[PDB]
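Structure data follow from structure-v2.txt (compact mmCIF, C-alpha atoms):
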```
# COMPACT_ATOMS: atom_id res chain seq x y z
CA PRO J 2 -43.57 41.74 -115.82
CA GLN J 3 -43.38 38.09 -115.01
CA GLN J 4 -45.10 37.40 -118.32
CA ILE J 5 -42.05 38.66 -120.26
CA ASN J 6 -39.42 37.13 -117.98
CA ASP J 7 -41.03 33.76 -118.17
CA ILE J 8 -41.52 33.74 -121.95
CA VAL J 9 -37.91 34.82 -122.56
CA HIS J 10 -36.34 32.44 -120.08
CA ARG J 11 -38.26 29.42 -121.31
CA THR J 12 -37.35 30.15 -124.90
CA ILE J 13 -33.77 31.43 -124.72
CA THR J 14 -32.50 29.02 -122.03
CA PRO J 15 -33.04 25.98 -124.11
CA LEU J 16 -31.73 27.73 -127.26
CA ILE J 17 -28.44 28.49 -125.45
CA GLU J 18 -28.22 24.88 -124.27
CA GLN J 19 -29.06 23.37 -127.72
CA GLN J 20 -26.55 25.62 -129.56
CA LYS J 21 -23.92 25.79 -126.76
CA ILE J 22 -23.85 29.55 -126.98
CA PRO J 23 -21.26 31.07 -124.62
CA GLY J 24 -22.83 34.42 -124.19
CA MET J 25 -26.10 36.11 -125.20
CA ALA J 26 -28.00 39.28 -124.73
CA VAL J 27 -31.70 39.85 -125.55
CA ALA J 28 -33.91 42.85 -125.59
CA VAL J 29 -37.64 42.68 -125.90
CA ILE J 30 -39.45 45.80 -126.80
CA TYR J 31 -43.02 45.54 -125.34
CA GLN J 32 -45.42 48.39 -125.65
CA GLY J 33 -42.48 50.47 -126.90
CA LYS J 34 -40.34 49.89 -123.72
CA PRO J 35 -37.22 47.72 -123.49
CA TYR J 36 -36.59 44.72 -121.30
CA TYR J 37 -33.06 43.34 -121.09
CA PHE J 38 -31.70 39.88 -120.43
CA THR J 39 -28.11 38.51 -120.38
CA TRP J 40 -26.46 35.12 -120.09
CA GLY J 41 -23.04 33.69 -120.02
CA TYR J 42 -19.73 35.14 -121.02
CA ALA J 43 -18.37 37.80 -123.31
CA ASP J 44 -14.86 36.34 -122.90
CA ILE J 45 -14.79 32.78 -121.71
CA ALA J 46 -11.04 32.63 -120.62
CA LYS J 47 -11.60 35.71 -118.45
CA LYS J 48 -15.02 34.71 -117.18
CA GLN J 49 -16.09 38.12 -118.22
CA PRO J 50 -19.91 38.28 -118.11
CA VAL J 51 -22.19 39.54 -120.82
CA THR J 52 -23.74 42.80 -119.66
CA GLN J 53 -25.78 45.56 -121.13
CA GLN J 54 -22.56 47.23 -122.28
CA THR J 55 -21.10 44.23 -124.07
CA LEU J 56 -20.39 44.88 -127.76
CA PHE J 57 -21.32 42.23 -130.18
CA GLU J 58 -20.67 41.98 -133.96
CA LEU J 59 -23.87 42.63 -135.90
CA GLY J 60 -22.73 41.06 -139.13
CA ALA J 61 -25.36 41.66 -141.94
CA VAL J 62 -27.59 43.52 -139.45
CA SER J 63 -25.16 46.34 -140.27
CA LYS J 64 -27.05 46.54 -143.61
CA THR J 65 -30.01 48.15 -141.79
CA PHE J 66 -27.83 51.04 -140.71
CA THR J 67 -26.41 51.35 -144.25
CA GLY J 68 -30.03 51.39 -145.61
CA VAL J 69 -31.14 54.00 -143.21
CA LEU J 70 -28.10 56.24 -143.91
CA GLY J 71 -28.96 55.88 -147.60
CA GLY J 72 -32.57 56.87 -146.89
CA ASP J 73 -31.35 59.89 -145.00
CA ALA J 74 -29.22 60.96 -148.00
CA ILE J 75 -32.39 60.61 -150.29
CA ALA J 76 -34.40 62.65 -147.82
CA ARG J 77 -31.68 65.36 -147.85
CA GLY J 78 -31.99 65.50 -151.65
CA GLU J 79 -28.43 64.34 -152.10
CA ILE J 80 -29.18 61.20 -154.10
CA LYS J 81 -32.18 59.41 -155.71
CA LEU J 82 -32.38 55.66 -156.04
CA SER J 83 -32.84 55.83 -159.77
CA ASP J 84 -29.46 57.59 -160.16
CA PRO J 85 -26.96 55.56 -162.10
CA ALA J 86 -24.07 54.18 -160.11
CA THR J 87 -21.70 55.97 -162.53
CA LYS J 88 -23.07 59.25 -161.48
CA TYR J 89 -21.15 58.84 -158.21
CA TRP J 90 -18.24 56.70 -159.55
CA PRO J 91 -17.62 57.97 -163.07
CA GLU J 92 -14.52 55.61 -163.39
CA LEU J 93 -16.95 52.76 -163.68
CA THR J 94 -16.93 53.12 -167.49
CA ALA J 95 -17.38 49.51 -168.38
CA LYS J 96 -20.51 49.14 -170.38
CA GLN J 97 -22.32 46.60 -168.23
CA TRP J 98 -22.72 49.45 -165.73
CA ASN J 99 -25.04 51.42 -168.07
CA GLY J 100 -28.37 50.90 -166.59
CA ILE J 101 -27.34 49.91 -163.03
CA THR J 102 -28.71 52.27 -160.45
CA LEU J 103 -28.29 52.96 -156.75
CA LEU J 104 -31.58 51.07 -156.26
CA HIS J 105 -30.20 48.00 -157.86
CA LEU J 106 -27.08 48.11 -155.65
CA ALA J 107 -29.08 48.76 -152.48
CA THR J 108 -31.55 45.93 -153.16
CA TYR J 109 -29.29 43.21 -154.61
CA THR J 110 -30.88 43.49 -158.02
CA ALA J 111 -27.96 44.63 -160.16
CA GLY J 112 -27.79 41.32 -161.99
CA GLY J 113 -25.63 38.87 -160.10
CA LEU J 114 -23.02 40.82 -158.15
CA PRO J 115 -21.33 38.14 -156.02
CA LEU J 116 -21.92 37.33 -152.37
CA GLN J 117 -18.52 38.54 -151.37
CA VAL J 118 -16.06 41.05 -152.63
CA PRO J 119 -13.01 38.80 -153.48
CA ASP J 120 -10.36 38.41 -150.76
CA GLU J 121 -7.67 39.66 -153.09
CA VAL J 122 -9.28 43.05 -153.29
CA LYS J 123 -7.11 45.18 -151.05
CA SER J 124 -7.22 48.76 -152.42
CA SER J 125 -9.62 51.15 -154.21
CA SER J 126 -7.98 50.49 -157.50
CA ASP J 127 -8.33 46.70 -156.90
CA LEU J 128 -11.99 47.32 -156.12
CA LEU J 129 -12.40 49.30 -159.40
CA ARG J 130 -10.92 46.46 -161.33
CA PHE J 131 -13.30 44.06 -159.64
CA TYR J 132 -16.41 46.04 -160.61
CA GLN J 133 -15.01 46.75 -164.17
CA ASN J 134 -14.38 43.10 -164.78
CA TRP J 135 -17.60 41.71 -163.30
CA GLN J 136 -20.00 40.22 -165.92
CA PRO J 137 -23.72 40.27 -164.97
CA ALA J 138 -25.74 37.13 -165.19
CA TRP J 139 -29.01 39.00 -165.70
CA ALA J 140 -30.30 42.37 -166.77
CA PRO J 141 -30.68 44.83 -163.90
CA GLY J 142 -33.94 44.88 -161.89
CA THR J 143 -34.93 41.31 -162.73
CA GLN J 144 -33.35 38.95 -160.09
CA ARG J 145 -32.48 39.40 -156.38
CA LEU J 146 -29.20 37.78 -155.34
CA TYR J 147 -28.13 38.73 -151.81
CA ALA J 148 -24.67 40.25 -152.08
CA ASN J 149 -22.26 42.14 -149.93
CA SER J 150 -20.56 43.51 -153.08
CA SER J 151 -23.93 45.13 -154.00
CA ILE J 152 -25.19 46.85 -150.85
CA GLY J 153 -21.57 47.54 -149.91
CA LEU J 154 -21.11 49.66 -152.93
CA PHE J 155 -24.46 51.36 -152.47
CA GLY J 156 -23.33 52.59 -149.09
CA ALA J 157 -19.99 53.88 -150.33
CA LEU J 158 -21.62 55.81 -153.19
CA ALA J 159 -24.62 57.13 -151.31
CA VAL J 160 -22.42 59.23 -149.01
CA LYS J 161 -20.32 60.86 -151.81
CA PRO J 162 -22.31 64.11 -152.09
CA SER J 163 -22.23 64.60 -148.36
CA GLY J 164 -18.57 65.43 -148.41
CA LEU J 165 -18.05 62.90 -145.57
CA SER J 166 -16.46 59.44 -145.34
CA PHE J 167 -18.87 56.55 -144.81
CA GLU J 168 -17.93 56.32 -141.15
CA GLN J 169 -18.29 60.03 -140.48
CA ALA J 170 -21.62 60.17 -142.26
CA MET J 171 -22.90 57.22 -140.27
CA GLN J 172 -21.69 58.62 -136.95
CA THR J 173 -22.99 62.12 -137.47
CA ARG J 174 -26.17 61.37 -139.39
CA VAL J 175 -27.39 58.15 -137.77
CA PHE J 176 -25.62 57.10 -134.51
CA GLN J 177 -25.43 60.51 -132.86
CA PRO J 178 -28.96 61.84 -133.55
CA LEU J 179 -30.34 58.54 -132.25
CA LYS J 180 -28.00 58.55 -129.13
CA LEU J 181 -26.38 55.30 -130.16
CA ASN J 182 -23.25 56.20 -128.19
CA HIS J 183 -21.94 52.64 -127.95
CA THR J 184 -22.25 51.63 -131.55
CA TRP J 185 -19.16 51.54 -133.81
CA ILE J 186 -17.86 50.67 -137.19
CA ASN J 187 -14.37 50.59 -135.63
CA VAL J 188 -14.30 49.85 -131.90
CA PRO J 189 -12.17 52.54 -130.37
CA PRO J 190 -9.40 51.67 -127.86
CA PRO J 191 -11.25 52.71 -124.73
CA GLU J 192 -14.13 50.37 -125.59
CA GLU J 193 -12.08 47.26 -126.36
CA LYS J 194 -12.67 46.15 -122.76
CA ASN J 195 -16.37 45.60 -123.64
CA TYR J 196 -15.81 44.00 -127.04
CA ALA J 197 -16.85 40.35 -126.77
CA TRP J 198 -14.84 37.58 -128.32
CA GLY J 199 -16.71 35.51 -130.89
CA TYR J 200 -16.28 31.76 -130.67
CA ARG J 201 -15.87 29.58 -133.78
CA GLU J 202 -14.57 26.40 -133.01
CA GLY J 203 -14.19 27.10 -129.39
CA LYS J 204 -11.57 29.62 -130.78
CA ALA J 205 -11.85 33.25 -129.89
CA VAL J 206 -12.30 35.35 -133.03
CA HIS J 207 -13.25 38.78 -134.32
CA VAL J 208 -14.44 39.67 -137.85
CA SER J 209 -11.58 40.13 -140.42
CA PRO J 210 -11.04 43.35 -142.30
CA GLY J 211 -12.30 43.36 -145.84
CA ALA J 212 -13.32 45.74 -148.64
CA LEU J 213 -16.58 47.48 -148.00
CA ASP J 214 -16.85 45.87 -144.60
CA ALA J 215 -18.07 49.07 -142.85
CA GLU J 216 -21.01 49.20 -145.28
CA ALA J 217 -21.90 45.53 -145.43
CA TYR J 218 -21.12 43.78 -142.11
CA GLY J 219 -18.88 45.77 -139.84
CA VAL J 220 -21.03 47.41 -137.12
CA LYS J 221 -20.53 46.43 -133.39
CA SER J 222 -23.18 47.47 -130.85
CA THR J 223 -24.58 46.78 -127.35
CA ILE J 224 -27.97 45.34 -126.48
CA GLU J 225 -29.04 48.74 -125.23
CA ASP J 226 -28.21 50.64 -128.36
CA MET J 227 -29.74 47.89 -130.48
CA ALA J 228 -33.02 48.23 -128.43
CA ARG J 229 -32.88 51.96 -129.19
CA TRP J 230 -32.26 51.14 -132.90
CA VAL J 231 -35.40 48.96 -132.93
CA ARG J 232 -37.50 51.59 -131.20
CA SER J 233 -36.34 54.25 -133.60
CA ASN J 234 -37.20 52.12 -136.65
CA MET J 235 -40.63 51.23 -135.15
CA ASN J 236 -41.60 54.77 -134.31
CA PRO J 237 -39.75 57.10 -136.66
CA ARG J 238 -42.39 59.79 -135.86
CA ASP J 239 -40.64 60.28 -132.51
CA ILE J 240 -37.27 61.52 -133.97
CA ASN J 241 -36.30 65.20 -134.23
CA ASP J 242 -33.88 64.99 -137.14
CA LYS J 243 -36.43 65.20 -139.94
CA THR J 244 -34.30 63.68 -142.79
CA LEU J 245 -33.41 60.77 -140.50
CA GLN J 246 -37.07 60.24 -139.70
CA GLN J 247 -37.84 60.18 -143.40
CA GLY J 248 -34.85 57.98 -144.20
CA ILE J 249 -36.00 55.43 -141.62
CA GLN J 250 -39.38 55.35 -143.34
CA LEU J 251 -37.72 55.00 -146.74
CA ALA J 252 -35.76 51.98 -145.60
CA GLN J 253 -39.02 50.17 -144.88
CA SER J 254 -40.57 51.18 -148.23
CA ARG J 255 -41.30 48.11 -150.27
CA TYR J 256 -39.29 48.34 -153.53
CA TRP J 257 -39.45 44.78 -154.78
CA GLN J 258 -41.40 41.67 -154.03
CA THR J 259 -39.86 38.24 -154.10
CA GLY J 260 -42.02 35.30 -152.99
CA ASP J 261 -43.60 36.48 -149.78
CA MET J 262 -40.91 38.99 -148.83
CA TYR J 263 -40.48 42.63 -149.73
CA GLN J 264 -37.03 44.25 -150.03
CA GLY J 265 -36.45 47.55 -148.28
CA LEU J 266 -33.10 49.36 -147.83
CA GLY J 267 -31.31 46.77 -145.68
CA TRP J 268 -34.51 45.81 -143.85
CA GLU J 269 -36.56 42.94 -145.19
CA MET J 270 -40.34 42.73 -144.61
CA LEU J 271 -43.20 40.21 -144.64
CA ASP J 272 -46.91 40.90 -144.13
CA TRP J 273 -48.00 40.10 -140.55
CA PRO J 274 -49.28 37.57 -139.59
CA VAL J 275 -46.84 35.02 -140.85
CA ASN J 276 -45.22 31.71 -139.55
CA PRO J 277 -41.57 30.97 -138.87
CA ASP J 278 -41.83 28.65 -141.93
CA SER J 279 -42.48 31.48 -144.24
CA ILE J 280 -40.05 33.88 -142.48
CA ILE J 281 -37.22 31.52 -143.36
CA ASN J 282 -38.21 30.14 -146.88
CA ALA J 293 -29.85 31.60 -154.62
CA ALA J 294 -31.26 34.17 -157.18
CA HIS J 295 -35.01 34.84 -157.30
CA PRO J 296 -37.14 36.96 -159.66
CA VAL J 297 -38.30 40.28 -158.48
CA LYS J 298 -41.34 42.39 -159.27
CA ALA J 299 -41.11 46.10 -158.99
CA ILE J 300 -43.61 47.65 -156.68
CA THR J 301 -44.81 50.94 -158.11
CA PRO J 302 -44.70 53.30 -156.43
CA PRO J 303 -42.75 51.62 -153.61
CA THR J 304 -45.22 50.89 -150.88
CA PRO J 305 -44.81 53.31 -147.95
CA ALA J 306 -43.75 51.46 -144.77
CA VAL J 307 -46.53 49.09 -143.83
CA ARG J 308 -46.96 48.96 -140.10
CA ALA J 309 -48.60 45.49 -140.31
CA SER J 310 -45.25 43.82 -141.12
CA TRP J 311 -42.63 41.54 -139.61
CA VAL J 312 -39.60 43.76 -140.28
CA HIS J 313 -36.34 41.86 -139.75
CA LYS J 314 -32.70 41.21 -140.58
CA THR J 315 -30.38 38.39 -139.59
CA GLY J 316 -26.57 38.56 -139.30
CA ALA J 317 -23.67 36.20 -138.55
CA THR J 318 -20.00 36.87 -138.61
CA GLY J 319 -17.49 34.01 -138.07
CA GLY J 320 -17.94 34.14 -134.33
CA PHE J 321 -21.35 35.78 -133.80
CA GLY J 322 -25.03 35.45 -134.59
CA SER J 323 -27.48 38.32 -134.40
CA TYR J 324 -31.22 38.90 -135.16
CA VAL J 325 -33.50 41.81 -135.08
CA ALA J 326 -37.26 41.66 -135.74
CA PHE J 327 -40.17 43.96 -135.08
CA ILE J 328 -43.93 44.49 -135.80
CA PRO J 329 -44.51 48.23 -135.79
CA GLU J 330 -48.30 48.11 -135.43
CA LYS J 331 -47.82 46.24 -132.11
CA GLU J 332 -44.92 48.18 -130.81
CA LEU J 333 -43.32 44.80 -130.30
CA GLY J 334 -39.76 43.82 -131.15
CA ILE J 335 -36.73 41.76 -130.25
CA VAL J 336 -32.95 41.85 -130.54
CA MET J 337 -30.90 38.72 -130.07
CA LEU J 338 -27.14 39.03 -129.87
CA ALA J 339 -24.79 36.06 -129.39
CA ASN J 340 -21.12 35.32 -129.54
CA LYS J 341 -21.39 32.19 -131.50
CA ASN J 342 -22.74 31.80 -135.05
CA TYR J 343 -25.72 29.35 -134.82
CA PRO J 344 -28.37 28.52 -137.51
CA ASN J 345 -30.79 31.09 -138.68
CA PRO J 346 -33.90 28.90 -138.35
CA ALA J 347 -33.17 28.68 -134.67
CA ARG J 348 -32.86 32.42 -134.33
CA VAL J 349 -36.12 33.02 -136.10
CA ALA J 350 -38.05 30.31 -134.23
CA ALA J 351 -37.07 31.75 -130.86
CA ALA J 352 -37.81 35.29 -131.90
CA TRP J 353 -41.20 34.32 -133.27
CA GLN J 354 -42.05 32.27 -130.18
CA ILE J 355 -41.37 35.25 -127.91
CA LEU J 356 -43.15 37.90 -129.98
CA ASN J 357 -46.15 35.60 -130.74
CA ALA J 358 -46.59 35.08 -126.96
CA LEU J 359 -46.61 38.84 -126.26
CA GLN J 360 -49.34 39.48 -128.72
```
Take the structure in this file and express it as structure tokens.
Amino acid sequence: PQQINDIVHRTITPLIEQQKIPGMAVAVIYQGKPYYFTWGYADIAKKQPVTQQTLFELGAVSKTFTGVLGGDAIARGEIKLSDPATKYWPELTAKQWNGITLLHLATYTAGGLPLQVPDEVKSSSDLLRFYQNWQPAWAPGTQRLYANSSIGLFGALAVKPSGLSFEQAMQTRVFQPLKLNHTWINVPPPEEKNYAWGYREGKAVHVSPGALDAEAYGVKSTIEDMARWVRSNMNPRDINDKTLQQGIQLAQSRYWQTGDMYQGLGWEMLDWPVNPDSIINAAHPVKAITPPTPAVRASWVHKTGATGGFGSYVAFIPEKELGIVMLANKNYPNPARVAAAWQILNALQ
């Protein structure tokens, strides 16, 4: 439709101009079907265009895949969220770990795990030391503090009973059943040709390696696969792999409330309708939701992400079968991402 084309062009064109974004891809999911748009360049020096096959860094959007994989492992009966972390890493003997559960790791409520795993952590035994030495600020299950060192560790532990590495579990249990055939934790050599450069100060960059990066911020994907990701999370009923279906649902269960947002497994959720104001607006108290509310279809379900050189956003409203993915190769402010996303989806209501 013209409706869609017009709404996207009039919102994204000025965004790209305002933020000087070199390349961008957008998918709009409207009545459950995808509509694709591209602008600019994947690689400026080469004048290589963004296409539907261009790989972008998802940054913290990766957390939605980690949440889902975790859900799938719960649905298989391999783990429960109330399991202590030490059940799956018994070398975590330091006593601040008594009481910290997989839930707390998955939902940033362990008690002040830091935003990043320290740069100096380079090995498993360095990572052990880091967790053994860490002193919580708060008792578990009382404050939400967004942290890569939290959800990162959740992902690493949640796959232990599978007998697979994190990457293998993700590939076989999430990417392949959903036909996400151009989505990668590590871009393989034959796909480097489609891997966009990110731009940070006009300098071409890719995300740096770091501990727990696969789990926390390391996925690369195309606009097509990300449209398929959104569809799959909006209509889990449509998926044949039954544990994956259930795990998708579990990742949208509401475990905690903080202000007007509910924490799922990677996904974050607000009741629909809501404004861009409220979508956008440190540690904050949580309230347990008991039992966790089953996925509420009347929600704005979203996650933002931004590596050094990229900015990404995914949002969807399952009860409307409406959604959007925005992938760019420059990191630009979150309020701008949300405002554009909301303007498009509000117009297609």
Inset, instruction - Could you please determine the separation between CA of residue 224 (chain J) and CA of residue 38 (chain J) in Å, to one decimal place? - result: 9.0 Å
Inset, instruction - Please provide the set of residues having any atom within 10 Å of residue 57 (chain J), restricted to all atoms listed in the file, with same-chain residues fewer than 6 positions apart removed, written as JSON, numbers by chain. - result: {"J": [24, 25, 26, 43, 51, 184, 195, 196, 197, 198, 199, 207, 220, 221, 222, 223, 224, 320, 321, 322, 323, 338, 339, 340]}
Legend entry - Given only C-alpha atoms as the counted atoms, nearest of J:325, J:258, J:7, J:269 to residue 300 (chain J):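 Among the listed residues, J:258 lies closest to residue 300 (chain J).
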Inset, instruction - May I ask for the distance between CA of residue 150 (chain J) and CA of residue 105 (chain J), given in Å to one decimal place? - result: 11.7 Å
Inset, instruction - Extract, using only C-alpha atoms, all DNA, RNA and protein residues at most 8 Å from region 273-279 of chain J, discarding same-chain residues fewer than 4 positions from it, and format them as a ChimeraX atom specification. - result: /J:261,309-311,328,346,349-350,353
Inset, instruction - For CA of residue 88 (chain J) and CA of residue 210 (chain J), determine how far apart the two atoms are, in Å to one decimal place. - result: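 Calculated distance between CA of residue 88 (chain J) and CA of residue 210 (chain J) is 27.7 Å.
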Legend entry - Contacts of residue 162 (chain J) at 9 Å (all atoms listed in the file; same-chain gap of 6+ positions) as an NGL selection string: :J and (74 or 79-80 or 89)
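Using only C-alpha atoms, the shortest contact distance between residue 246 (chain J) and any of J:75, J:82, J:262, J:13 is found at J:75.
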Inset, instruction - Could you give me, as an MDAnalysis selection string, the residues within 12 Å of region 301-307 of chain J, counting only C-alpha atoms and dropping anything in the same chain fewer than 2 positions from it? - result: chainID J and resid 82 104 234:237 247:258 263:266 268:273 298:299 309:312 327:330
Inset, instruction - Show me as a PyMOL selection string the residues that reach within 12 Å of (-14.8, 54.1, -165.1), counting only C-alpha atoms and using the file's own coordinates. - result: chain J and resi 86-99+126+128-134
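In this comparison, which uses only C-alpha atoms, the residue of J:297, J:335, J:76, J:245 approaching residue 177 (chain J) most closely is J:245.
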Inset, instruction - Taking (-30.3, 34.9, -153.3) in the file's own coordinates, collect the residues within 8 Å, counting only C-alpha atoms, and hand them back as a VMD selection string. - result: chain J and resid 145 to 148 293 to 295
Legend entry - Residue with smallest distance to residue 233 (chain J) - pool J:33, J:100, J:112, J:296, counting all atoms listed in the file: J:33
Inset, instruction - Determine the nearest neighbour of residue 141 (chain J) from the options J:171, J:103, J:22, J:154, counting all atoms listed in the file. - result: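 Selected residue with least distance to residue 141 (chain J): J:103.
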Legend entry - For residue 106 (chain J), the nearest of the candidates J:32, J:15, J:217, J:172, counting only C-alpha atoms: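 Using only C-alpha atoms, residue 106 (chain J) sits closest to J:217.
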